[PDB]
């Protein structure tokens, strides 16, 4: 006969001194079927933006990945999202799957856009998803590195150089125009240091791995170029933040997690501080100039996945904003004001990893659950924050005052 049916929610807004931020689900992005991705544990949904010179006014474009698939649409911000059923380009990677990606902001226009895409095999592809036309398939042979790529970014100011980074705890410099070896290419040392090595490609012709950068033990989780371009911030599974002079290829400063190993990194918009999420649930705040830890931030119930300063709410008194998102499904916003930055003004090793009692411990301004799945994307933009979780929903939160325009 019959049976009887025997028998926690996400937040859609927060307030901050600025006003009420509101999730706008009519600006949401996802696969066109809208079916939640079955987060497998496999590899992270990621998002990448670019402007094509705002030739229409509608010049912003979006690209994201969902295991085997990869989409590319017109991004309409706090306006009604572009029709999800009609992409500008789709891709299905029945082989190894995407893992990370990046647009070149420089060679970017209504007719061409260079976007490079990392994979879980080690490969890196080079699409132009408006004309569909080209491709490249760097490290297609898996001879440079067989481990999955974690981070890929075009070099700031370049057209043709780019940097990729792998679970091996290595990074590789590539020219677009060079071509990879037929076999596993040889190197000889360039620089050597405490916990890193740089070798350079021993070849009588122009062959891609311009060089191989070896960084600590365990996977290189994320790297990030200084806003100026000059430096590179690297976080690794051994828990060291290692910041490097990029041109000089030498080591500016290090920092170690209380425990656990470090998972994300970013630069204040003026390149004066670095923040760092990890496996101790904490965010850390690091001074570039002083080479020193200045605050920790404990707000997260799980590991921290992404950290990002908010250029549009930063600054007679000096104040930065940053955000984090975690494997706990929560968004935290933070404030660095003068009391934490400048305490001393008038009105293994533990001394580059301070005691908990000695460094300040910040509290989030907010800390909201904003997805069912673990989060993987935090991006600050002129009109809205953009978040995303493993089940592939790309969310757009209207900034206070940015929801509606009049003239």
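Positions refer to the first chain, counted from 1.
> How big is the unmodelled gap, if any, between residue 315 and residue 316 relative to the deposited sequence? Choose none, 1 to 3, 4 to 9, or 10 or more.
The entry has a long gap there, with 10 or more residues left out between residue 315 and residue 316.
> Counting only residues of the deposited sequence, how many between residue 7 and residue 8 have no atoms in the entry (none, 1 to 3, 4 to 9, 10 or more)?
The entry leaves 1 to 3 residues without coordinates here.
> Can you let me know which of the two, 27-35 or 56-64, has the higher average C-alpha B-factor in the entry?
Comparing 27-35 with 56-64, the higher average CA B-factor belongs to 56-64.
> Quick one: higher average CA temperature factor, 179-187 or 279-287?
According to the PDB entry, the answer is 179-187.
> Return the residue from 159, 270, 83, 247 that has the highest Cα B-factor in the entry.
Checking the PDB record, the top C-alpha B-factor among 159, 270, 83, 247 is at 247.
> From 95, 118, 311, 77, which pick has the Cα B-factor that tops the rest in the entry?
Comparing C-alpha B-factors across 95, 118, 311, 77, the maximum falls on 95.
> Looking at the C-alpha B-factor of residue 360, is it in the lowest, middle or highest third of its chain?
Within its chain, residue 360 is a middle-third residue by C-alpha B-factor, going by the deposited values.
> Would you mind ranking residue 234 by its C-alpha B-factor against the rest of the chain and naming the third, lowest, middle or highest?
For residue 234, whose C-alpha B-factor we compare with every modelled residue in the chain, the answer is the middle third.
> Quick check on the deposited entry: does the C-alpha B-factor of residue 101 sit in the lowest, middle or highest third of its chain?
According to the entry, residue 101 has a C-alpha B-factor in the chain's middle third.
> Among all modelled residues of this chain, ranked by Cα B factor, put residue 196 in the bottom, middle or top third, i.e. lowest, middle or highest.
It falls in the top third of the chain.
> How does the C-alpha B factor of residue 147 compare with the rest of the chain: lowest, middle or highest third?
Top third by C-alpha B-factor.
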